[PDB]
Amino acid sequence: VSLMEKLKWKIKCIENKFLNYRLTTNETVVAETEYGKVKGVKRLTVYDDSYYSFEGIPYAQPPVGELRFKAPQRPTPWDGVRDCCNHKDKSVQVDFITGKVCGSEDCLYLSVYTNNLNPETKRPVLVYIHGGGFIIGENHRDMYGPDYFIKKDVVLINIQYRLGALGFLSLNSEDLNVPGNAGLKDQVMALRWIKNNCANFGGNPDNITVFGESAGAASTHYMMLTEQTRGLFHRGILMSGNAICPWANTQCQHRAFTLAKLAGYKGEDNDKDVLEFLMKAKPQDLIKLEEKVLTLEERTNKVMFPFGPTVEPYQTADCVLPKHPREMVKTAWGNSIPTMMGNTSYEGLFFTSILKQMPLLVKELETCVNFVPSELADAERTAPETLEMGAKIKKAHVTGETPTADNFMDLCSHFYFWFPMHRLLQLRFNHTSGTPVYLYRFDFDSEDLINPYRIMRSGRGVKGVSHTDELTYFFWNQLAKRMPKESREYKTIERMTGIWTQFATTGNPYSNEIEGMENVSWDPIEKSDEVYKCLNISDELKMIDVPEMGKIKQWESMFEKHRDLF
């Protein structure tokens, strides 16, 4: 990221800190938790609303020393009052703005927010799991400010979880107790905490909604798939992602050795000796080198991250993913709760930045063999069958004689997002009680209000609604400003938070008290639907057939001769 966005962000970081001190009040309050008392503080928003803020609540033991790479354990309770008027640090990670490593291993906390600690009725609880490809992200309010949501009468909770190799290291040997998915196990334990403690903050423990975007959507989906969380919550929202996305799981059992070797390890490839080295390495050395772990073959086969959620090699006490996600959908308790899913109108637009550095990537669309689902494609991507599948993909997105950057970004939309959603809906249909799933499409474009992901994707002055463009209308961030209440952006905040809270409350997203929704008939998707219908969200709200549907069926026809793998 540029020297200009570095000094620019540095200034906004200094501004957000002064604004945060300014928007703080003297009204501290104390709440009960099952681990002891916590002290929160009341804060202000730029729209002159206020909320109670409990930050840095530990939901697990700090996963340092001998707990590194290990499943999390419950934290130690305290007497007295724990100070929660400040944020703790984020997980160790590479800062996308600077490129420096930041964060700390002591990262397992959650934050709780609400406009009223003593509501006269129990409120719907909303749990946000942040995205960031399982390698970046945080629950700090400079990125995920509760300001928009606390205009509503909900309890909003933002969690953190271990990222990167520290969150997702996986070793085959059953004796060392590092099956993988530690970061997901973090999320489970936070869900358990939220279930037993939200009532102390005015939350209804029988009405909990979990949601997230990108990796957060995949996380949300995993929390719906695993037996570990059965009955913990009651609604789910998958925003631009789920667990059968190609980027949302990887078999990384061999990559530990590689990481150890990048970090200066001397010796052989057995897990024990590898683990011993990694266990004493500086956290920020491991994270800084994760970028270098993937082979050129792996990057070629579109493996996006070295460490991430994985099928665990053996089962233990806190096992989360004992089988491939497609298999888990077949018994998943979460299939039987109300679900909403969606995508933006131009997801792949996110990859503008990557294309700018590698224009050679556009030539991949000459045969498109690299984008054929990996379970179908051959190693070298040279078999005639693979060239055949690649051709069907090519027909879907190459509009001219030569592929363009726009063709490319349009393909990514489907490869990374629309096609996986399709596969999930059809799999779920064969294995469900018949609880509704609702679809939306986020199509509202604006440059007048943005979020920090736009700095990373180099989305400055770029038309179209990219992946993460919607976050701006759910959460306050240090690049936000107060918007006139009649502006299109303000109306979209209102609509977006209105629908999400309406869904959270009732398991049904429709409300006539939401402006623009008076002609809306939002029906869920049925197994017998050849065509998906979705609430299209732009300047107006309108029910439509998903525009991406023809290209989706094109991708599905790759599985004409392998219908078992669909």
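Each residue number is its position in the shown sequence, starting from 1.
- Looking at mean Cα B-factors across 397-405 and 163-171, the upper value is held by 397-405.
- If you average the C-alpha B-factors over 355-363 and over 418-426, the higher value belongs to 355-363.
- For the set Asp147, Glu470, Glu347, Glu268, the PDB entry assigns the largest Cα B-factor to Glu268.
- As recorded in the PDB entry, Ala383 shows the highest C-alpha B-factor of the residues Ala383, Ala215, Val125, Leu238.
- Among all modelled residues in this chain, the alpha-carbon of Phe233 has a temperature factor (C-alpha) in the lowest third.
- Ranked by Cα temperature factor within the chain, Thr121 sits in the highest third according to the deposited record.
- Compared with the other modelled residues of the chain, the Cα B-factor recorded for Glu556 ranks in the lowest third.
- For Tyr113, the recorded CA B-factor ranks within the lowest third of the chain. Only modelled residues enter the ranking.
- Per-chain ranking of the deposited C-alpha B factor places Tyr59 in the middle third.
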